[PDB]
Structure formats: structure tokens, C-alpha cells
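Report on one structure; see the data block that follows.
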Amino acid sequence: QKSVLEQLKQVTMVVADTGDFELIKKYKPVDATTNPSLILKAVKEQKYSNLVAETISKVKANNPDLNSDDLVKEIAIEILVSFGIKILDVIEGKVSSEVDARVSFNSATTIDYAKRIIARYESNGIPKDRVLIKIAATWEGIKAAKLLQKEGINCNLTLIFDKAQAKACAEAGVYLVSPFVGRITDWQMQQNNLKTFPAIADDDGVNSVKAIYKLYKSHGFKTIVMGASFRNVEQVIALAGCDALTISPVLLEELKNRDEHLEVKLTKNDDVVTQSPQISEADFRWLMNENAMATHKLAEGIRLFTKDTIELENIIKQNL
Amino acid sequence: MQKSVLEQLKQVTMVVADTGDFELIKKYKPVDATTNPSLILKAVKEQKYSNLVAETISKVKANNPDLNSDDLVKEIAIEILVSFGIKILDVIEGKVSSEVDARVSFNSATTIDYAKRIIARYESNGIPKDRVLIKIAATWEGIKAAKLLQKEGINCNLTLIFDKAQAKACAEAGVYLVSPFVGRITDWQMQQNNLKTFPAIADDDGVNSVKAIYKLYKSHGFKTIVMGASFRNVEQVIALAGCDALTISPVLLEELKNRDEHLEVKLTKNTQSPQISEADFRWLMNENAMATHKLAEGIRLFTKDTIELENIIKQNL
Ligand SMILES: *[C@@H](CO)[C@@H](O)[C@H](O)[C@H](O)[C@H](O)COP(=O)(O)O
Ligand SMILES: *[C@H](CO)[C@@H](O)[C@H](O)[C@H](O)[C@H](O)COP(=O)(O)O
Ligand SMILES: [Cl-]
């Protein structure tokens, strides 16, 4: 008689995927995740209009010497952080905040942006252990995360569409990876103009996370596997037992209202640990190129997040 | 004397034949010729070259008795590539382009190794490096490899060029020649807009890519040769009359040979910025959805054809 959501929480760390903090409390997730598209969506909700306006005025008044370009950048990071803090107010776990997608191919500036995010959280009275820095899993992002982790800054490597990509992240000692499910299912359906979701056993997105989970547990990697991007509740249910799953409020609502028994599908084991050679940059780039879907979706994800980041900047400029 | 469009084109652009079939080249009298893994595969499968392929298989196997099936197959493949190149050099005054194994496209060190191996095979057959261009996919790693190869006196043909950023980086690396694709860019344009007919020449993304690269190069004083490649029809070739060079399929060369109207020259001659960084190159390439897709798929396609050649070799060993 227990909801599927409540049962899921006992075998998987449930995470809410949204910037709309007022919707989080009723699902009581452990952690929460944001991204540039979710922040933009929240910024355009009338209920957060004053939060945005206040942030713009505060940063503007506190930084009278910054040139207009730098001012807009500061406001954008403060908005990202402001939503993150409102989220932390209603959860006991961590919040993921993503670096500017425009630095995705530059490890040095990714590190800079990551530290700036942490600095803003700290200036606002939040300890860094409550925050995960979200970084696109390009070779450069992974390289950046490797350095950040060495300095005690936990990262969430996102836009993961390939197993070799996930392996490189684990080898860099990243705290958590977000292999995508839904966007892979999108590719699969679009390839043949499919009108209905594939059967779970045939869902490329679900199988991607299953393969990454199996890889991690067989290699003793401690990086947390967090499935992200979902199109339907069956995809979430098929991954019950995964370390974590970040889920939209719409799907959390469906899970909360279903009371069927939930069977765990992903489980850890005590098998002999496999030790393997490290993935070099050249091998990573080759393997990614061989995966047509992965190369396309990683590139597209960066382009789309960039578009939403630029839209936010334009909103800031139009209200400065 | 009235001259065909092909003959008129030769006076304002270096005409290059895009084929592995040397028997078709002499007829059109191009200056240079270009091959690629797909063209070599098609040539290897022809019956007229079945005798040529067979001899190479036996020749290599006799001189390499202890090499495993893996190394033997790869050695036969490189000698086959060079054999077709040498037969092409017999019927032209200029250079031939031979492409490195597409599988090393993201490894500068092994790209350099393969390039040097090709040059060494030509030299052992009495062909000096001046007659050869090494084709390399224009990934960041390929460009870095070409930069070093050029310093060693090995001329490179940077291929699978779909964006101005690649072209800029190639020119900055001192590469001998770049091959911007025209046809594949237009393919993208037509799929994206669900076009039924080809776009007007003025709006043809492929043609405009070469025009832009040509303009960039001449305005900045880059000496890298601009060679348009991959064409869907003769109108696209004609639209680039005046370009440094154009590499054209035998089918389109035949069409040009039979066209008799006046040819209007479209490209003519008439600034220096800091060199593009790896990070800026990667960003610009990512912003160009078409370029990222076509470069990636181009490498995948050439790889498939390289693997097929190995399969033909293994079952005929
Ligand atoms: C961060 C991953 O931990 C998370 O916000 C992701 O960015 C989202 O889960 C995906 O972007 C969702 O994508 P979709 O295509 O909307 O399903
Ligand atoms: C080398 C470029 O100098 C040349 O052989 C190229 O590989 C070909 O021109 C293109 O690959 C042909 O592409 P298409 O899509 O067949 O037109
Ligand atoms: Cl792509």
C-alpha cells in the first residue's frame, strides 16, 4: 500500500530535478539538481519574478565599478546560486549547480567558474559540502573535475551518453556521474520515427545506465551513478536500486500516486574486482566518435544549455 | 578556338581528379589527383585491378613471413594505398594525395607515424616525397600532426574541412593544402530544411563555405592552397571557377568536358590575427552542428571502408 516513490527511496537516493524549489518539499527528495535550462524555466515563472529582480538590484548595487559585461556575468552566477540556496532550504542533502556551458572545452576556465560558484555559496553562508558543481563530460570537463576533486570540490559530471565516457569520469575520482536516459531514448525513437516508447528491455537509455552501473560495480568505482533525464515512470522503475536517480516533479508526482509493489532491479555484488588500464585522451576521443549518438547528444546538450544561458543573459540585460 | 568548360576551368584553377582509378585520369589531364579510403576500396574491388591487388598480397606475404595476421593485413593495406598512388603518378605531372588510416584521427603521434610510413613506402618504390600529399582528417589532433609533418618537409592535405575555424587553424599550422567539402555541406542544408531541389548557388552552404575560406586566406596572406572537394553537380564546380584548385570526380569531369558555354570566373585575388587556441577551436566546432556531425561521420565512414579493405585482404590471404 506504500507509494512507489516511498519504496524507491529505500533502495535508491531520490533526487528532484528542478529549479522550482516550491515543488520540492512535497516529494522530500534527498538531493536536488538544476541545469541552465531548469534555471531559465524558473526565472521565467511569475512567482520568482521578485527573486530575480532582487538579485539583479543587489548585485548591481554591490558592484558599481564592474563594467556592464562583468556585471551581467556576476548577476547570472548569483541567480544560479540564489535558486540553489532556496533549494537547500527545503532539503537535507546537496544541490547541483552547473558551470557556464560556454567553458565546456576549457579545463582552466571550468575550474575558475566552479570555484566562483563555491565562493558565492560560501559568501551566502552555505558550506561547500552541500553543493555539487555540474560539468559537461567532455574530455576537458573531466580533466577539470579531476583537479577540483583533488582540491575537495565535489563534481557532478553530466551529459554522459557513453560507457567509455563514464569510465573516464570514475578514473578522475569524480563524486557523481549523471548518465542520461531520456535523451538516448529520444535519439532511438527519432531514428525510425517511433511514436511509442520502446519496451523497457529495448530502451537504449535504460540499457545505457544499466551498462554503466554494471561497469562501476565490477571495477569497484566509488563514483555515484545517478540516472538522469526521464520520459516516463517505467524508465525510473526499471532502474530501481541504482545509487541515485534524479527525477522531474511531474514524474515524482506519478510515483507518489502509484501504490504498486516495487522490485529492485540494480544490485551491488561481492564479485572479484576488475582492475583495468586508464582511458587515455586519444582512446576517449576515438570511442566517443564511434558512438554517433553520444557525440551528437553531448555536442547538442552543450549547444542547448548555451542557448538558455544566453537567453538568461538577455533577460538580465533587459532588466538591468 | 572554342573551348569546353573543363578546358576553360583549367586556365583559372588547378583541376584535380578525385579517383583511385588511374585508367580514367589521363583522359582528363588533371594536374594533381586525390584518393581516400573509400576511393581506394572501390578501386581494389574492380576486376581490372584484381590482378594488381593479388600481386601486392603475395609480394608482402613473401617478405613478411613471421608477422601476425594483424600486422600482415595492415602492411598489405599500406602497400595497396601506395601502389594505386604510384600508378596515378605515372599519368599526371603533379602530386597524388594518400590518406592515413582514419583510426588514428585523434592521435597526433600515430598520425605522424602513419604519414612517415606512407612516405617511406613511396621512397622504397622510387618516389620522392615531393610528389605526395598526406591526407589527414582536420581534427585538432590531425592539424597538430600536420604542423610537425610540414616542419619535416612532408606536405599535407587537410581533409574533412567543414568550418572556417578548421581552415584557419590549418593555415596557421602552415599546411600545404586544405580540402573544404562542398557536397556534404549542401547535403546537410537540404536535409535540415527538407529541401526538394538544390539551393540557389548564392545560397548554397557548401559553395559559400569555400568562398568564405578562400576570402579569409587571401585577405590574411595565407599560402595554404584552397581545394574544393566533394561535389553533387557541375553547377557547384562552375560556381567556384578561379579557386586555387578543385578536385572533381570522373563523372563530373566528363560533364565539364562536354559543356561548351563561356565560363565566368567567380573567385579572384584583390590582416593578421592571433592564432586560434585548442579551446577556441573546439568551441567553434561545437557551435557548428553540421561541422561536428560531418567531421565525425566522415571519420566513421572512412574507418568502415578501411575495415572492409582489411576484410577483403584477410579472405584473400
Ligand atoms: C542534471 C544531471 O544531474 C540534470 O538537471 C540534467 O541536466 C537533466 O536531468 C536533463 O537535462 C534532463 O533532460 P531532458 O531532455 O529534459 O530529460
Ligand atoms: C580528398 C580531398 O582532397 C577527396 O578524395 C575526398 O575524400 C572526396 O572528395 C570526398 O570524400 C567525396 O565525398 P562525397 O560525399 O562522395 O562527395
Ligand atoms: Cl554530431
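By order of appearance in the C-alpha cells: chains A, B, ..., then residues from 1 within every chain, and ligands from 1 in the order shown.
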Quick one: everything within 10 Å of residue 267 (chain A), counting only C-alpha atoms, minus sequence neighbours fewer than 5 positions away in the same chain. Send it as a PyMOL selection string.
chain A and resi 11+213-214+217+239-243
Hey, which residues sit close to ligand 3? Say within 6 Å, counting only C-alpha atoms and all ligand atoms, and write them as a PyMOL selection string.
(chain A and resi 295-296) or (chain B and resi 292-293)
Please produce a file of the residues just selected, as a compact mmCIF listing (two decimals), in the first residue's frame, where the atoms kept are N, CA, C and O atoms.
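In the end it all went to again_15.txt:
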```txt
# COMPACT_ATOMS: atom_id res chain seq x y z
N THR A 295 28.27 11.35 -29.48
CA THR A 295 28.92 12.56 -29.98
C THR A 295 27.87 13.63 -30.27
O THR A 295 28.04 14.81 -29.92
N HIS A 296 26.76 13.22 -30.86
CA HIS A 296 25.71 14.17 -31.18
C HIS A 296 25.03 14.75 -29.96
O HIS A 296 24.84 15.96 -29.88
N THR B 292 30.53 19.53 -36.78
CA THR B 292 30.80 18.47 -35.81
C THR B 292 30.25 17.14 -36.33
O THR B 292 30.93 16.11 -36.28
N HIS B 293 29.04 17.15 -36.89
CA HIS B 293 28.44 15.92 -37.39
C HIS B 293 29.14 15.35 -38.59
O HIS B 293 29.45 14.16 -38.62
```
Up to 6 Å from chain B, what residues of chain A turn up? Count only C-alpha atoms and give them as a ChimeraX atom specification.
/A:105-106,282,289,299
At a cut-off of 12 Å, using only C-alpha atoms, what residues contact residue 69 (chain A)? Leave out same-chain residues fewer than 5 positions from it and give the result as number ranges by chain.
A: 60, 74-76, 313-314, 316-317, 320
Output for the residues just chosen: N, CA and C atoms as a PDB file, in the first residue's frame:
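The new file out-v4.pdb reads:
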```pdb
ATOM      1  N   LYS A  60      23.926  44.626  -8.600  1.00  0.00           N
ATOM      2  CA  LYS A  60      24.171  45.917  -9.240  1.00  0.00           C
ATOM      3  C   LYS A  60      24.647  46.949  -8.214  1.00  0.00           C
ATOM      4  N   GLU A  74      28.157  38.345 -13.273  1.00  0.00           N
ATOM      5  CA  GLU A  74      28.022  38.225 -11.817  1.00  0.00           C
ATOM      6  C   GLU A  74      26.566  37.980 -11.429  1.00  0.00           C
ATOM      7  N   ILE A  75      25.654  38.702 -12.070  1.00  0.00           N
ATOM      8  CA  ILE A  75      24.231  38.536 -11.808  1.00  0.00           C
ATOM      9  C   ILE A  75      23.788  37.114 -12.167  1.00  0.00           C
ATOM     10  N   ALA A  76      24.271  36.595 -13.293  1.00  0.00           N
ATOM     11  CA  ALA A  76      23.905  35.243 -13.726  1.00  0.00           C
ATOM     12  C   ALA A  76      24.336  34.180 -12.712  1.00  0.00           C
ATOM     13  N   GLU A 313      21.058  35.748 -19.946  1.00  0.00           N
ATOM     14  CA  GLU A 313      21.841  36.987 -20.002  1.00  0.00           C
ATOM     15  C   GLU A 313      21.040  38.111 -20.637  1.00  0.00           C
ATOM     16  N   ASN A 314      20.284  37.785 -21.676  1.00  0.00           N
ATOM     17  CA  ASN A 314      19.455  38.789 -22.337  1.00  0.00           C
ATOM     18  C   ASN A 314      18.346  39.274 -21.408  1.00  0.00           C
ATOM     19  N   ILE A 316      18.611  39.413 -18.175  1.00  0.00           N
ATOM     20  CA  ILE A 316      19.331  40.281 -17.245  1.00  0.00           C
ATOM     21  C   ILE A 316      19.571  41.657 -17.872  1.00  0.00           C
ATOM     22  N   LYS A 317      20.050  41.674 -19.113  1.00  0.00           N
ATOM     23  CA  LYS A 317      20.317  42.939 -19.807  1.00  0.00           C
ATOM     24  C   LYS A 317      19.057  43.782 -19.998  1.00  0.00           C
ATOM     25  N   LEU A 320      18.282  45.296 -16.341  1.00  0.00           N
ATOM     26  CA  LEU A 320      19.390  45.833 -15.559  1.00  0.00           C
ATOM     27  C   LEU A 320      19.100  47.259 -15.097  1.00  0.00           C
TER      28      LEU A 320
END
```
As number ranges by chain, please: every residue in region 45-101 of chain B that a backbone DSSP assignment puts in helix (DSSP H, G or I).
B: 45, 47-63, 69-89
What is the distance between CA of residue 199 (chain A) and CA of residue 290 (chain A), in Å to one decimal?
25.4 Å
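Among the candidates B:91, B:149, B:81, B:216, the residue lying nearest to residue 109 (chain B) is B:149 (atoms considered: only C-alpha atoms).
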Residue 88 (chain B): which residues within 9 Å, counting only C-alpha atoms, same-chain residues fewer than 4 positions away excluded, as a ChimeraX atom specification?
/B:20-23,25-26,33,83-84,92,95-96
Expected file contents, prior selection, N, CA, C and O atoms, as an mmCIF file, in the first residue's frame:
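Output file again-v6.cif is given in full below:
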```cif
data_model
loop_
_atom_site.group_PDB
_atom_site.id
_atom_site.type_symbol
_atom_site.label_atom_id
_atom_site.label_comp_id
_atom_site.auth_asym_id
_atom_site.auth_seq_id
_atom_site.Cartn_x
_atom_site.Cartn_y
_atom_site.Cartn_z
ATOM 1 N N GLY B 20 40.591 6.737 -57.498
ATOM 2 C CA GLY B 20 41.664 5.771 -57.293
ATOM 3 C C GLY B 20 41.929 4.993 -58.574
ATOM 4 O O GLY B 20 42.900 4.246 -58.660
ATOM 5 N N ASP B 21 41.068 5.191 -59.572
ATOM 6 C CA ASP B 21 41.159 4.510 -60.868
ATOM 7 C C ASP B 21 42.016 5.345 -61.820
ATOM 8 O O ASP B 21 41.508 6.206 -62.540
ATOM 9 N N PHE B 22 43.317 5.067 -61.831
ATOM 10 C CA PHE B 22 44.256 5.823 -62.664
ATOM 11 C C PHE B 22 43.953 5.731 -64.159
ATOM 12 O O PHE B 22 44.311 6.625 -64.916
ATOM 13 N N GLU B 23 43.297 4.653 -64.583
ATOM 14 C CA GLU B 23 42.965 4.492 -66.001
ATOM 15 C C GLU B 23 41.987 5.546 -66.531
ATOM 16 O O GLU B 23 41.917 5.757 -67.734
ATOM 17 N N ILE B 25 42.029 8.796 -65.301
ATOM 18 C CA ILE B 25 42.683 10.092 -65.101
ATOM 19 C C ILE B 25 43.335 10.720 -66.339
ATOM 20 O O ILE B 25 43.047 11.870 -66.675
ATOM 21 N N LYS B 26 44.204 9.973 -67.014
ATOM 22 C CA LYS B 26 44.945 10.508 -68.165
ATOM 23 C C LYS B 26 44.038 11.203 -69.187
ATOM 24 O O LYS B 26 44.413 12.221 -69.768
ATOM 25 N N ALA B 33 45.944 14.576 -58.409
ATOM 26 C CA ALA B 33 44.877 13.600 -58.184
ATOM 27 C C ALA B 33 44.741 13.338 -56.692
ATOM 28 O O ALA B 33 45.702 13.466 -55.933
ATOM 29 N N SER B 83 50.508 1.647 -53.958
ATOM 30 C CA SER B 83 50.523 1.094 -55.311
ATOM 31 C C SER B 83 49.598 1.891 -56.233
ATOM 32 O O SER B 83 49.976 2.242 -57.349
ATOM 33 N N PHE B 84 48.384 2.177 -55.763
ATOM 34 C CA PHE B 84 47.441 2.962 -56.568
ATOM 35 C C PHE B 84 47.981 4.373 -56.760
ATOM 36 O O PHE B 84 47.858 4.945 -57.834
ATOM 37 N N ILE B 92 50.148 11.662 -64.430
ATOM 38 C CA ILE B 92 49.992 13.089 -64.125
ATOM 39 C C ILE B 92 51.356 13.732 -63.913
ATOM 40 O O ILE B 92 52.344 13.039 -63.673
ATOM 41 N N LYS B 95 50.987 16.080 -58.066
ATOM 42 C CA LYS B 95 51.002 15.253 -56.864
ATOM 43 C C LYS B 95 49.770 14.371 -56.702
ATOM 44 O O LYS B 95 48.718 14.624 -57.300
ATOM 45 N N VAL B 96 49.915 13.338 -55.874
ATOM 46 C CA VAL B 96 48.801 12.460 -55.518
ATOM 47 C C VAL B 96 48.601 12.541 -54.001
ATOM 48 O O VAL B 96 49.572 12.652 -53.242
#
```
Residues of chain A that approach ligand 1 to 9 Å or less, counting only C-alpha atoms and all ligand atoms: could you list each one with the shortest pair of atoms and its distance in Å to one decimal, rows by chain and increasing residue number, as CSV?
```
residue,atom,partner,partner_atom_place_in_ligand_line,distance
A:15,CA,ligand 1,3 (O),8.7
A:16,CA,ligand 1,5 (O),8.7
A:17,CA,ligand 1,5 (O),5.4
A:18,CA,ligand 1,5 (O),6.8
A:19,CA,ligand 1,5 (O),8.7
A:32,CA,ligand 1,3 (O),8.3
A:33,CA,ligand 1,5 (O),4.9
A:34,CA,ligand 1,5 (O),4.4
A:35,CA,ligand 1,5 (O),4.5
A:36,CA,ligand 1,7 (O),7.7
A:37,CA,ligand 1,11 (O),7.5
A:38,CA,ligand 1,5 (O),7.0
A:96,CA,ligand 1,3 (O),6.9
A:97,CA,ligand 1,1 (C),8.4
A:98,CA,ligand 1,1 (C),8.0
A:134,CA,ligand 1,1 (C),7.1
A:156,CA,ligand 1,3 (O),6.5
A:157,CA,ligand 1,3 (O),7.5
A:158,CA,ligand 1,2 (C),5.4
A:159,CA,ligand 1,7 (O),7.2
A:176,CA,ligand 1,3 (O),8.5
A:177,CA,ligand 1,3 (O),7.3
A:178,CA,ligand 1,3 (O),4.9
A:179,CA,ligand 1,2 (C),7.8
A:180,CA,ligand 1,10 (C),7.1
A:181,CA,ligand 1,17 (O),7.7
A:182,CA,ligand 1,17 (O),5.2
A:183,CA,ligand 1,15 (O),5.2
A:184,CA,ligand 1,15 (O),8.9
A:186,CA,ligand 1,15 (O),8.3
A:226,CA,ligand 1,3 (O),6.9
A:227,CA,ligand 1,3 (O),7.6
A:228,CA,ligand 1,9 (O),4.4
A:229,CA,ligand 1,17 (O),3.5
A:230,CA,ligand 1,17 (O),5.1
A:231,CA,ligand 1,17 (O),6.5
A:245,CA,ligand 1,3 (O),8.5
A:246,CA,ligand 1,3 (O),6.4
A:247,CA,ligand 1,9 (O),7.1
A:248,CA,ligand 1,9 (O),7.7
A:301,CA,ligand 1,11 (O),7.7
A:305,CA,ligand 1,11 (O),8.7
```
Preceding selection exported with N, CA and C atoms as a short mmCIF file (atom, residue, chain, number, x, y, z; two decimals), in the first residue's frame:
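Contents of result_1.cif, as written:
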```cif
data_model
loop_
_atom_site.label_atom_id
_atom_site.label_comp_id
_atom_site.auth_asym_id
_atom_site.auth_seq_id
_atom_site.Cartn_x
_atom_site.Cartn_y
_atom_site.Cartn_z
N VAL A 15 16.37 12.03 -6.00
CA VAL A 15 16.81 13.39 -6.23
C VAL A 15 15.76 14.10 -7.10
N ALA A 16 15.46 15.36 -6.79
CA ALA A 16 14.49 16.15 -7.57
C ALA A 16 15.22 16.99 -8.61
N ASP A 17 14.74 16.92 -9.85
CA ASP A 17 15.36 17.61 -10.97
C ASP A 17 14.52 18.83 -11.32
N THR A 18 14.84 19.96 -10.70
CA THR A 18 14.08 21.17 -10.91
C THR A 18 14.73 22.36 -10.23
N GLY A 19 14.41 23.55 -10.73
CA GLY A 19 14.84 24.80 -10.13
C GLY A 19 13.67 25.42 -9.37
N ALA A 32 18.92 17.56 -4.87
CA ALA A 32 18.23 18.18 -5.99
C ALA A 32 19.25 18.59 -7.05
N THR A 33 18.81 18.63 -8.30
CA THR A 33 19.68 19.04 -9.39
C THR A 33 19.06 20.15 -10.22
N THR A 34 19.91 21.08 -10.66
CA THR A 34 19.49 22.14 -11.56
C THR A 34 20.42 22.10 -12.77
N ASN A 35 20.03 22.79 -13.82
CA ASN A 35 20.85 22.94 -15.01
C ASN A 35 20.43 24.27 -15.65
N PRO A 36 21.15 24.72 -16.67
CA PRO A 36 20.83 26.03 -17.26
C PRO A 36 19.41 26.16 -17.82
N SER A 37 18.86 25.06 -18.32
CA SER A 37 17.50 25.08 -18.84
C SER A 37 16.47 25.18 -17.71
N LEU A 38 16.71 24.45 -16.62
CA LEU A 38 15.80 24.48 -15.47
C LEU A 38 15.85 25.83 -14.75
N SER A 96 22.90 20.49 -7.06
CA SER A 96 23.84 20.58 -8.18
C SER A 96 23.60 21.88 -8.95
N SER A 97 24.68 22.62 -9.17
CA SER A 97 24.67 23.89 -9.91
C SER A 97 25.68 23.76 -11.04
N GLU A 98 25.24 24.03 -12.26
CA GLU A 98 26.07 23.84 -13.45
C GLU A 98 26.88 25.06 -13.87
N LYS A 134 28.20 21.00 -11.38
CA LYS A 134 27.82 20.23 -12.55
C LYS A 134 28.66 20.67 -13.75
N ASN A 156 29.56 16.86 -10.30
CA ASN A 156 28.52 16.06 -10.90
C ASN A 156 28.79 16.13 -12.41
N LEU A 157 29.32 15.05 -12.97
CA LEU A 157 29.63 15.03 -14.40
C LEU A 157 28.37 14.66 -15.17
N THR A 158 27.94 15.58 -16.03
CA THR A 158 26.69 15.47 -16.75
C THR A 158 26.85 15.26 -18.26
N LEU A 159 25.71 15.07 -18.94
CA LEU A 159 25.68 14.81 -20.38
C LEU A 159 26.54 13.58 -20.72
N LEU A 176 30.15 12.07 -8.49
CA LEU A 176 28.94 11.54 -9.08
C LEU A 176 28.86 11.79 -10.58
N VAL A 177 28.25 10.84 -11.28
CA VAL A 177 28.01 10.95 -12.71
C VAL A 177 26.51 10.88 -12.97
N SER A 178 26.07 11.59 -14.01
CA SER A 178 24.66 11.63 -14.41
C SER A 178 24.48 11.08 -15.81
N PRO A 179 24.52 9.75 -15.96
CA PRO A 179 24.25 9.20 -17.28
C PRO A 179 22.79 9.47 -17.65
N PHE A 180 22.57 9.93 -18.88
CA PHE A 180 21.25 10.29 -19.35
C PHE A 180 20.49 9.09 -19.90
N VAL A 181 19.18 9.07 -19.66
CA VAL A 181 18.32 8.02 -20.17
C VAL A 181 17.42 8.56 -21.28
N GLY A 182 16.60 9.55 -20.92
CA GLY A 182 15.59 10.10 -21.82
C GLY A 182 16.07 10.60 -23.17
N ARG A 183 17.19 11.31 -23.18
CA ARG A 183 17.71 11.85 -24.43
C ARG A 183 18.22 10.75 -25.36
N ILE A 184 18.66 9.63 -24.79
CA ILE A 184 19.08 8.49 -25.59
C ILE A 184 17.83 7.84 -26.19
N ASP A 186 15.19 9.39 -26.90
CA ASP A 186 14.78 10.34 -27.94
C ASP A 186 15.49 10.01 -29.25
N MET A 226 24.08 8.24 -10.96
CA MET A 226 22.76 8.86 -10.86
C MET A 226 22.08 8.99 -12.22
N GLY A 227 21.11 8.12 -12.49
CA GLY A 227 20.36 8.20 -13.73
C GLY A 227 19.63 9.54 -13.78
N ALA A 228 19.65 10.17 -14.96
CA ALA A 228 19.01 11.47 -15.16
C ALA A 228 18.32 11.49 -16.52
N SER A 229 17.39 12.42 -16.68
CA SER A 229 16.61 12.59 -17.92
C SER A 229 15.66 11.41 -18.09
N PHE A 230 14.39 11.63 -17.79
CA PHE A 230 13.40 10.57 -17.94
C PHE A 230 12.19 11.03 -18.74
N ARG A 231 11.64 10.09 -19.51
CA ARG A 231 10.46 10.33 -20.34
C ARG A 231 9.20 9.71 -19.76
N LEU A 245 18.78 8.51 -8.53
CA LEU A 245 18.02 8.85 -9.72
C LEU A 245 17.47 10.25 -9.51
N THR A 246 17.70 11.14 -10.47
CA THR A 246 17.16 12.49 -10.40
C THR A 246 15.96 12.53 -11.35
N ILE A 247 14.84 12.99 -10.81
CA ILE A 247 13.53 12.87 -11.45
C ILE A 247 12.75 14.18 -11.43
N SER A 248 12.08 14.48 -12.54
CA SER A 248 11.27 15.70 -12.62
C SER A 248 10.10 15.68 -11.65
N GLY A 301 23.75 18.95 -26.31
CA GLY A 301 23.48 19.36 -24.93
C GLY A 301 24.20 20.64 -24.56
N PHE A 305 22.24 24.16 -23.78
CA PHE A 305 22.42 24.83 -22.50
C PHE A 305 22.99 26.23 -22.73
#
```
Counting only C-alpha atoms and all ligand atoms, which protein, DNA or RNA residues come within 6 Å of ligand 2, given as a count of residues only?
11
For residue 122 (chain A): contacts at 12 Å, only C-alpha atoms, fewer than 6 positions along chain excluded, given as a PDB file with N, CA and C atoms, in the first residue's frame:
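The file below, around_21.pdb, is the result:
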```pdb
ATOM      1  N   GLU A  78      24.920  34.727  -9.507  1.00  0.00           N
ATOM      2  CA  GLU A  78      24.154  34.943  -8.279  1.00  0.00           C
ATOM      3  C   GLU A  78      22.754  34.362  -8.392  1.00  0.00           C
ATOM      4  N   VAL A  81      23.028  30.605  -7.975  1.00  0.00           N
ATOM      5  CA  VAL A  81      23.260  30.319  -6.568  1.00  0.00           C
ATOM      6  C   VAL A  81      22.031  30.614  -5.709  1.00  0.00           C
ATOM      7  N   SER A  82      21.315  31.700  -6.017  1.00  0.00           N
ATOM      8  CA  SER A  82      20.121  32.064  -5.255  1.00  0.00           C
ATOM      9  C   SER A  82      19.080  30.949  -5.296  1.00  0.00           C
ATOM     10  N   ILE A  85      20.283  28.026  -3.150  1.00  0.00           N
ATOM     11  CA  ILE A  85      20.112  28.242  -1.711  1.00  0.00           C
ATOM     12  C   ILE A  85      18.657  28.031  -1.288  1.00  0.00           C
ATOM     13  N   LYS A 115      35.000  27.306  -8.950  1.00  0.00           N
ATOM     14  CA  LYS A 115      35.421  27.947  -7.705  1.00  0.00           C
ATOM     15  C   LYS A 115      34.611  29.210  -7.414  1.00  0.00           C
ATOM     16  N   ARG A 116      34.168  29.891  -8.464  1.00  0.00           N
ATOM     17  CA  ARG A 116      33.364  31.098  -8.307  1.00  0.00           C
ATOM     18  C   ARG A 116      32.003  30.705  -7.726  1.00  0.00           C
ATOM     19  N   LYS A 128      30.405  24.255   1.602  1.00  0.00           N
ATOM     20  CA  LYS A 128      30.612  23.662   0.283  1.00  0.00           C
ATOM     21  C   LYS A 128      30.190  22.198   0.158  1.00  0.00           C
ATOM     22  N   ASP A 129      30.098  21.478   1.277  1.00  0.00           N
ATOM     23  CA  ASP A 129      29.705  20.067   1.231  1.00  0.00           C
ATOM     24  C   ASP A 129      28.237  19.876   0.830  1.00  0.00           C
ATOM     25  N   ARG A 130      27.470  20.966   0.788  1.00  0.00           N
ATOM     26  CA  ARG A 130      26.065  20.913   0.352  1.00  0.00           C
ATOM     27  C   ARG A 130      25.917  21.140  -1.157  1.00  0.00           C
ATOM     28  N   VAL A 131      27.028  21.328  -1.860  1.00  0.00           N
ATOM     29  CA  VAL A 131      26.984  21.673  -3.283  1.00  0.00           C
ATOM     30  C   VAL A 131      27.780  20.733  -4.174  1.00  0.00           C
TER      31      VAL A 131
END
```
